[PDB]
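Trainee: Fold the stuff below for me.
(2 chains)
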Amino acid sequence: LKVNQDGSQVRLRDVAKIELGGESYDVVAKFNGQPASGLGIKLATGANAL
Amino acid sequence: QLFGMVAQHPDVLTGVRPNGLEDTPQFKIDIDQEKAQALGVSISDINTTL
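Mentor: Residues are numbered from 1 along each chain as shown, chains lettered A, B, ... in the order given. Below is the structure:
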(Lines give C-alpha, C1' and ligand atoms only; values in the text may rest on other atoms or scores of the structure.)
Protein backbone atom coordinates (compact mmCIF):
# COMPACT_ATOMS: atom_id res chain seq x y z
CA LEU A 1 0.00 0.00 0.00
CA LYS A 2 2.78 2.44 0.91
CA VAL A 3 6.27 2.67 2.38
CA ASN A 4 6.81 4.86 5.43
CA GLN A 5 9.55 7.43 5.99
CA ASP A 6 11.83 4.66 7.22
CA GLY A 7 12.32 1.30 5.52
CA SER A 8 9.07 -0.06 6.96
CA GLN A 9 6.48 -1.06 4.37
CA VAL A 10 2.70 -1.21 4.75
CA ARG A 11 1.09 -4.25 3.16
CA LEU A 12 -2.60 -4.99 2.72
CA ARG A 13 -2.26 -7.38 5.67
CA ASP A 14 -1.49 -4.47 7.97
CA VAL A 15 -4.80 -2.68 7.36
CA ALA A 16 -7.19 -5.51 6.52
CA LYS A 17 -8.14 -9.15 6.96
CA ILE A 18 -7.89 -11.00 3.65
CA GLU A 19 -10.08 -14.09 3.38
CA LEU A 20 -11.95 -15.98 0.67
CA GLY A 21 -15.64 -15.35 1.36
CA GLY A 22 -18.88 -15.06 -0.52
CA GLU A 23 -19.81 -12.14 -2.74
CA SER A 24 -22.94 -11.63 -0.63
CA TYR A 25 -23.92 -12.93 2.79
CA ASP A 26 -27.65 -12.15 2.59
CA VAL A 27 -28.94 -15.48 1.26
CA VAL A 28 -28.39 -18.51 3.50
CA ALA A 29 -29.98 -21.90 2.84
CA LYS A 30 -30.34 -25.03 4.96
CA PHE A 31 -31.69 -28.51 4.21
CA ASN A 32 -33.43 -30.13 7.19
CA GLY A 33 -31.45 -27.77 9.40
CA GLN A 34 -28.18 -28.99 7.88
CA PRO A 35 -26.05 -26.47 6.00
CA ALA A 36 -26.62 -26.50 2.26
CA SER A 37 -26.70 -24.52 -0.95
CA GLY A 38 -29.03 -24.70 -3.90
CA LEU A 39 -30.23 -23.50 -7.27
CA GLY A 40 -33.70 -22.12 -7.80
CA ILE A 41 -34.59 -22.82 -11.42
CA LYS A 42 -37.40 -20.85 -13.06
CA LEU A 43 -38.96 -22.02 -16.30
CA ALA A 44 -38.68 -19.86 -19.41
CA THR A 45 -41.92 -18.44 -20.77
CA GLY A 46 -43.44 -20.83 -23.28
CA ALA A 47 -41.18 -23.76 -22.39
CA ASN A 48 -42.12 -27.31 -21.46
CA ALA A 49 -41.60 -27.97 -17.76
CA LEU A 50 -41.14 -31.73 -18.18
CA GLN B 1 -1.15 -39.90 -20.73
CA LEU B 2 -4.21 -40.40 -22.93
CA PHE B 3 -2.03 -40.21 -26.04
CA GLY B 4 0.29 -42.78 -24.50
CA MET B 5 -2.68 -45.08 -23.98
CA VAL B 6 -3.94 -44.46 -27.53
CA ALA B 7 -0.48 -45.41 -28.79
CA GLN B 8 -1.47 -48.82 -27.51
CA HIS B 9 -4.47 -50.29 -29.32
CA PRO B 10 -3.39 -49.02 -32.77
CA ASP B 11 -5.84 -51.49 -34.33
CA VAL B 12 -8.85 -49.27 -33.50
CA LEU B 13 -7.54 -45.69 -33.40
CA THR B 14 -5.37 -44.19 -36.11
CA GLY B 15 -4.06 -40.66 -36.52
CA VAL B 16 -4.99 -39.16 -33.16
CA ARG B 17 -3.57 -35.68 -32.66
CA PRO B 18 -4.22 -32.45 -30.76
CA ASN B 19 -6.26 -29.74 -32.42
CA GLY B 20 -4.29 -27.02 -30.63
CA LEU B 21 -0.76 -25.71 -30.12
CA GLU B 22 1.94 -26.97 -27.78
CA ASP B 23 3.48 -24.62 -25.25
CA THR B 24 6.13 -22.16 -26.43
CA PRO B 25 8.70 -20.10 -24.52
CA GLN B 26 7.37 -16.75 -23.34
CA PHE B 27 9.14 -13.66 -22.03
CA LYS B 28 8.15 -12.73 -18.48
CA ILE B 29 8.63 -9.11 -17.40
CA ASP B 30 8.32 -9.08 -13.61
CA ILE B 31 7.85 -5.67 -11.99
CA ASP B 32 9.19 -5.18 -8.47
CA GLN B 33 6.56 -3.12 -6.65
CA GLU B 34 8.94 -2.01 -3.89
CA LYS B 35 11.47 -0.63 -6.37
CA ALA B 36 8.73 0.98 -8.46
CA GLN B 37 7.36 2.80 -5.42
CA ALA B 38 10.87 3.70 -4.24
CA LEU B 39 11.29 5.61 -7.49
CA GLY B 40 8.64 8.02 -8.67
CA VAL B 41 7.38 5.62 -11.33
CA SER B 42 3.77 4.43 -11.24
CA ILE B 43 2.44 1.02 -12.23
CA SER B 44 -0.10 2.54 -14.62
CA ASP B 45 2.72 4.38 -16.39
CA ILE B 46 4.85 1.22 -16.57
CA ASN B 47 2.05 -0.91 -17.99
CA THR B 48 0.93 1.78 -20.43
CA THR B 49 4.49 2.28 -21.67
CA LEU B 50 5.11 -1.44 -22.09
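
Trainee: Would you mind giving the secondary structure of the residue in chain B positioned nearest to chain A?
Mentor: Nearest to chain A, among the residues of chain B, is residue B:37, at 5.8 Å (Cβ to the nearest Cβ). (Each C-beta comes from the backbone N, C-alpha and C, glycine too.) At residue B:37 the chain is in helix, as set by DSSP: H, G, I helix; E, B strand; the rest coil.

Trainee: Residue B:46 too?
Mentor: helix.

Trainee: show me what contacts the residue of chain B closest to chain A?
Mentor: Each residue near residue B:37 by Cβ atoms under 8 Å, 6 or more residues apart in numbering or on different chains is listed here: A:2-3.

Trainee: ditto for residue A:14
Mentor: Going by Cβ under 8 Å, 6+ apart, residue A:14 touches residue A:1.

Trainee: Doesn't it belong to a strand?
Mentor: No. Counting by three-state DSSP, residue A:14 is not found in a strand; it is helix.

Trainee: ok so, going back, measure the residue of chain B closest to chain A to residue A:12 for me?
Mentor: To residue A:12, residue B:37 is 14 Å away according to Cβ to Cβ, to the nearest Å.

Trainee: again, but for residue B:27
Mentor: Counting by Cβ to Cβ, the gap from residue B:27 to residue A:12 is 29 Å.

Trainee: Just give the number of residues close to residue B:27.
Mentor: 4 (other Cβ atoms under 10 Å in any protein chain shown).

Trainee: Same check on residue B:6?
Mentor: Neighbourhood size, residue B:6 [other Cβ under 10 Å]: 13.

Trainee: do the same with residue B:26
Mentor: For residue B:26, the neighbour count with other Cβ under 10 Å is 5.

Trainee: what sits against it?
Mentor: If a contact means Cβ under 8 Å, 6+ apart, then residue B:26 has no contacts.
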